[PDB]
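Only one chain is given next, in structure tokens, and it is the form deposited in one PDB entry.
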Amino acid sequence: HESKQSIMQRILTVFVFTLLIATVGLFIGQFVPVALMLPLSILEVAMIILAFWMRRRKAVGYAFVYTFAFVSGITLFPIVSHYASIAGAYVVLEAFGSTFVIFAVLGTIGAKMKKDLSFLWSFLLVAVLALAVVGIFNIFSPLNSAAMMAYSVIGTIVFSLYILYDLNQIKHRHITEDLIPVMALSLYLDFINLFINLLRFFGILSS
């Protein structure tokens, strides 16, 4: 018989694994020819849209989640290589480091706080959809550095709040063991989208 503790620890374990796998994918992605990479603007907004689309009460399997992490990791190399090329490779470390402790702190607080943050669900959905709209607009009408930085700050706030909210709902809601991959998948999409926002922000800022 599972407890709230074990289910949490299992979700977090799968989440850590999605990061490790994605990192392997990222490493592999450096070998993809330039002529076979998707446009930066397309890849960036794609992760936002997926973050929304994967957020369903549908039990997905470990196979999907782990394969998703591997393939998405590969496709995020053009994003990493771009902002590294305009601000130095060190900004990737900066972005990752900043994403890590934000997730670690906000994740812990959300998972430990007594307040039920369930009321944020609709607000957060609208916000992510709003980021998707701007992300799509960017494809056909490229925003400047100033606007893109403002976009990154909003995106940072939205996904930071989602991390707090997600860990909070894992504690408060009724999560069964068949929901473990989809809960971890959301945490993974939180991390990556927060990482992309910070990478873009600090990359543009140091350019």
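Sequential numbering from 1, following the sequence displayed. Only residues modelled in both forms are compared. In this text, the rigid core denotes the largest set of C-alpha atoms whose superposition between the two forms falls within 1.5 Å.
Another form exists, deposited in another entry; not displayed. Remarks below refer to it.
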{"query": "Moved residue between the shown form and the other one - picked from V153, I28, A147, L38, where its Cα shifts 2 angstroms or more relative to the rigid core", "finding": "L38"}
{"query": "Core-aligned C-alpha movement of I48 between the shown form and the other one, 2 Å or more", "finding": "yes"}
{"query": "Cα displacement of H174 between the shown form and the other one reaching 2 Å, rigid core superposed", "finding": "no"}
{"query": "Direction of C-alpha distance change in the other entry, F70 to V45 (at least 3 Å)", "finding": "closer"}
{"query": "Residue pair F137, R56 - Cα distance in the other entry, closer or farther (3 Å or more)", "finding": "farther"}
{"query": "Runs in sequence order between the shown form and the other one, three or more residues long, with CA shifts of 2 Å or more on the rigid core", "finding": "33-58"}
